[PDB]
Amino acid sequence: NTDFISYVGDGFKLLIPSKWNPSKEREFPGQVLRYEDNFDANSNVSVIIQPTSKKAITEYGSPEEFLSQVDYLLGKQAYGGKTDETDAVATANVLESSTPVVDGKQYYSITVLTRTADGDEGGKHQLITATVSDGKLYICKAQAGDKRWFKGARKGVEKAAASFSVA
């Protein structure tokens, strides 16, 4: 494919926008992959693998309950407490979620919009595909900031997360 490359990792595969390149940056425990846009590193895709005692992704609860448990993925947060400050995520809204079964395996698909507190109202769409297989939790997160999301990056970001498949 001209628009995407096929990436096969340790027990998973996905499509990645073909103009993106690998990054050594690792934000999350168990992160095994990062690819990003050369021009805007906020357009990126990450894969995380961790041990779990769960047998299926649905044992984490609903997609929102799952997100609650893995919201470290969204980055540092701010909770708007009483005051007398950083670029932390201040809002996080699930726009869409679903629980597709594909080739016999159950996935969660979650679309999250995050924004920082004040500042430039820098928003990100963070798209999560997650599943459990062979005693491990597999998470793929693709994202773009507002500037790229509305200037051509959307199709590729959505495809990256949607294409995530675990053997």
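One rule holds for the numbers: they count along the sequence shown, beginning at 1.
On average the C-alpha atoms of 19-27 have higher B-factors than those of the other stretch, with 147-155 and 19-27 being the two compared. On average the C-alpha atoms of 112-120 have higher B-factors than those of the other stretch, with 112-120 and 33-41 being the two compared.
Between the residues 98, 46, 50, 131, the entry's highest C-alpha temperature factor is the one at 50.
For residue 127, the recorded CA B-factor ranks within the lowest third of the chain. Only modelled residues enter the ranking.
In this PDB entry, the Cα temperature factor of residue 139 sits in the bottom third of its chain's modelled residues, the lowest group. Residue 163: CA B factor lies in the lowest third for its chain, per the PDB record. Among the modelled residues of its chain, residue 106 has a C-alpha B-factor that falls in the highest third, as given in the PDB entry.
In the deposited entry, the Cα temperature factor of residue 73 places it in the middle third of its chain's modelled residues.
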